[PDB]
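*Asks:* The structure's right below; bear with me while I get my questions together.
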Amino acid sequence: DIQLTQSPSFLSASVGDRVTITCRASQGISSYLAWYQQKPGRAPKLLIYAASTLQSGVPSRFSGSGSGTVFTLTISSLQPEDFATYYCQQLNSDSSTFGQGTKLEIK
Amino acid sequence: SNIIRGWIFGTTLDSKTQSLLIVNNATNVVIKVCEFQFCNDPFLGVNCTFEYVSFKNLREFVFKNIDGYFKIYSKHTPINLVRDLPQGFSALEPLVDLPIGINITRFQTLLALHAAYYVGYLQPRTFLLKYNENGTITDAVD
Amino acid sequence: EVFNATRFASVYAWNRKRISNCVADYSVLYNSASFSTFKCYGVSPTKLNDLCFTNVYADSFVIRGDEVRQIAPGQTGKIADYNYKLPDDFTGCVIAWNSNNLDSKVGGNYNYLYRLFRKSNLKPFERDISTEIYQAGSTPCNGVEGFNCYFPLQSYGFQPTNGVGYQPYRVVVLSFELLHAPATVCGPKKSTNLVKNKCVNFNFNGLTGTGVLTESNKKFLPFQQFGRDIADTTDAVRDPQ
Amino acid sequence: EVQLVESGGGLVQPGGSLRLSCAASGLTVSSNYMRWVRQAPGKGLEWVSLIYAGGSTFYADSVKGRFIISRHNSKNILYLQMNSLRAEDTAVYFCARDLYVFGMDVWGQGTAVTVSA
Ligand SMILES: *[C@@H]1O[C@H](CO)[C@@H](O)[C@H](O)[C@H]1NC(C)=O
Ligand SMILES: *[C@@H]1O[C@H](CO)[C@@H](O)[C@H](O)[C@H]1NC(C)=O
Ligand SMILES: *[C@@H]1O[C@H](CO)[C@@H](O)[C@H](O)[C@H]1NC(C)=O
Ligand SMILES: *[C@@H]1O[C@H](CO)[C@@H](O)[C@H](O)[C@H]1NC(C)=O
Ligand SMILES: *[C@@H]1O[C@H](CO)[C@@H](O)[C@H](O)[C@H]1NC(C)=O
């Protein structure tokens, strides 16, 4: 089956710093990957769906790039309240797996 | 001048259900099964399931449906009697055996407008066909 | 020609062609090595030529390679239900092959669309060509910024760079039906080399007689297919070839 | 707006059966792609089962056969039956929205379902 893995899954950065989160799928899924944000004790929220685009309501500071077996989550303005667990999932798949997840914290 | 130009064979033949249609043109011979709506007197100026493409003159024909096959026979012997069909014998050779599969209980003829024709009816009758040495029917007795 | 036709319909608006009054070379079709997937469910391809039907329907469409498994009798899935559904009882074959170099291009292949959203499953051999604006239809105002409603048709993401299984595979599924009507499309007829002046068992269009065949002198009428004797015993046959 | 409420988390016994309940406001369960994804404590999300708008239920490899899903038409309440549970299935299950390719939008609130004996 298609398996997803995020590295390094544990990154620490300060506010106003560019952070790249990569979810390199072990099998080709084209650009059909969705980025989520799971705050602790809450339900996750989507930021990027399918190809690089913006979900209605999310801040414009969130952006993505790459397609195929490589992906990159780019945040231009790292706000203090966007530190959570990010997930990657194959949208156009019957069995949609989830990424390992990355942790963001104050440096 | 070949006023006769076509035939219609269908139970309803008025676009109600599928009906066999034979249309004859100088270019080609036309057969369909599509449903068409025709008036009481359709004149000619001077879904389809099946399809096919192929008074001196007397154009005899025999149309019958048996075992789901539409059979057509014909004979174009020259006639020098303009009053009625002449005394004599001329057998009819088959032309088409297309499996239309549409039951036919009604009949019609097409004409052109800017010329008599005959219609018989068949019924099961034992015959004694006499075959020539070359295989053609020369005589027959009921 | 349909297989070698350049234009192929999309999966949602799959083309329906009625094949009648001809012969198809199923032996050659199975012998073709270009097909990656050749699955037969009704009749085995070896006996397909021997088997004789009366109506053949060809459904030409392009799907993602991972949906080839979903395209099958008694199968469930987005493609298997929403835009191309097959009966539980199936009499035909499923043919698939790689098409990465044929239709997939560097740019996005948006010419093919799939029924992403549908309210209910489709009946077998039923097509929904209606490009209705919003599948859910919660509010008939037809708002551009739909919230509970979305466009059912979406463009396929095709790129030769991936080459993992998301590449489009050309799939055509056949349907053989018996309508209690005389046959129009039937298998090819093998004709052996005829031998004369030798006691050979023969089968001329179902005559299935036994005897030695010699060149004859009698001349048939052009419409007459085989001769006969006084005692209704066959004694002359017209060679069909 | 639209809000999804998840309920039905509690202690059960192995081999038992409990009816997970999810209430959706502003959505119709008939024409939506409900999916269930759980989140074990100290672990990320993981797919469990998926149901299409018209049927065609899907299950994960780990929970194949064990889990059965049947959504009810009454007040578009999402339901998820459980069978032959194990102690490793303790997690916080979440509800889903109908978007398959356009990316998910909302989940359920989620309640932990502790399974032990
Ligand atoms: C062919 O037959 C049709 C009958 O509908 C007639 O209208 C037409 O003039 C004929 N000739 C040609 C060339 O179409
Ligand atoms: C063709 O005939 C009619 C035409 O409306 C309809 O039943 C259908 O389109 C077709 N039926 C069959 C049996 O082919
Ligand atoms: C003959 O016509 C009848 C209508 O009275 C119909 O039920 C039957 O199917 C027809 N037979 C054929 C062979 O078309
Ligand atoms: C039979 O022989 C030839 C065969 O074409 C034919 O021309 C001739 O008229 C026929 N003879 C008789 C007596 O029927
Ligand atoms: C095919 O059959 C026809 C039937 O008349 C015959 O004349 C012809 O020689 C055969 N072979 C070819 C190659 O056409």
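By convention here, the chains of the structure tokens are called A, B, ... in the order presented, each chain's residues are numbered starting at 1, and ligands are numbered starting at 1 in the order presented.
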Show me which residues line ligand 4, defined as having an atom within 10 Å of a ligand atom where only C-alpha atoms and all ligand atoms count, and present them as a count of residues only.
*Replies:* 12
*Asks:* Tell me the residues of chain D close to chain A, meaning within 7 Å using only C-alpha atoms, as a PyMOL selection string.
*Replies:* chain D and resi 44-47+60+100-107+109
*Asks:* Check every protein, DNA and RNA residue against ligand 3, keep those with an atom at most 9 Å away (counting only C-alpha atoms and all ligand atoms), and present them as an MDAnalysis selection string.
*Replies:* (chainID B and resid 11 65:69 100:105) or (chainID C and resid 181)
*Asks:* Output C-alpha atoms for every residue in that selection, as a PDB file, in the first residue's frame.
*Replies:*
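Result file result07.pdb:
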```pdb
ATOM      1  CA  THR B  11     -47.526  -3.293 -37.440  1.00  0.00           C
ATOM      2  CA  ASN B  65     -41.827 -13.488 -42.817  1.00  0.00           C
ATOM      3  CA  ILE B  66     -40.967 -16.934 -41.470  1.00  0.00           C
ATOM      4  CA  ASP B  67     -38.722 -17.865 -38.527  1.00  0.00           C
ATOM      5  CA  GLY B  68     -37.796 -14.220 -37.989  1.00  0.00           C
ATOM      6  CA  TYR B  69     -36.413 -13.822 -41.522  1.00  0.00           C
ATOM      7  CA  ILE B 100     -35.369  -7.988 -39.319  1.00  0.00           C
ATOM      8  CA  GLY B 101     -37.123  -9.727 -36.435  1.00  0.00           C
ATOM      9  CA  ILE B 102     -39.967  -7.180 -36.437  1.00  0.00           C
ATOM     10  CA  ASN B 103     -43.386  -8.760 -36.879  1.00  0.00           C
ATOM     11  CA  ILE B 104     -45.265  -7.273 -39.831  1.00  0.00           C
ATOM     12  CA  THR B 105     -49.055  -7.266 -40.112  1.00  0.00           C
TER      13      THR B 105
ATOM     14  CA  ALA C 181     -32.726 -12.685 -32.556  1.00  0.00           C
TER      15      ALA C 181
END
```
*Asks:* Around ligand 2, out to 12 Å and counting only C-alpha atoms and all ligand atoms, which residues are there? I want them as an MDAnalysis selection string.
*Replies:* (chainID B and resid 14:20 32:36 47:50 100:102) or (chainID C and resid 18 55 179 181)
*Asks:* Neighbouring residues of residue C:4 were defined as those with any atom within 12 Å, considering only C-alpha atoms; residues of the same chain fewer than 4 positions away were excluded. Please report them as a PyMOL selection string.
*Replies:* chain C and resi 8+34+60+99+102+170+172
*Asks:* Quick one: residues within 7 Å of residue C:79, only C-alpha atoms, excluding same-chain residues fewer than 5 positions away - as a VMD selection string?
*Replies:* chain C and resid 67 70 84
*Asks:* Could you pull out the residues sitting within 7 Å of ligand 1, using only C-alpha atoms and all ligand atoms, and write them as a list in words?
*Replies:* residues 23, 24, 25, 27 and 44 of chain B
*Asks:* Taking the backbone alone, and naming residues the way the document does, which bits of chain A are strand (DSSP E or B) by DSSP, as a PyMOL selection string?
*Replies:* chain A and resi 6-7+10-13+20-23+33-38+45-48+62-65+72-75+85-90+98+102-106
*Asks:* Please write out the residues within 10 Å of ligand 5 as number ranges by chain, counting only C-alpha atoms and all ligand atoms.
*Replies:* C: 239-241
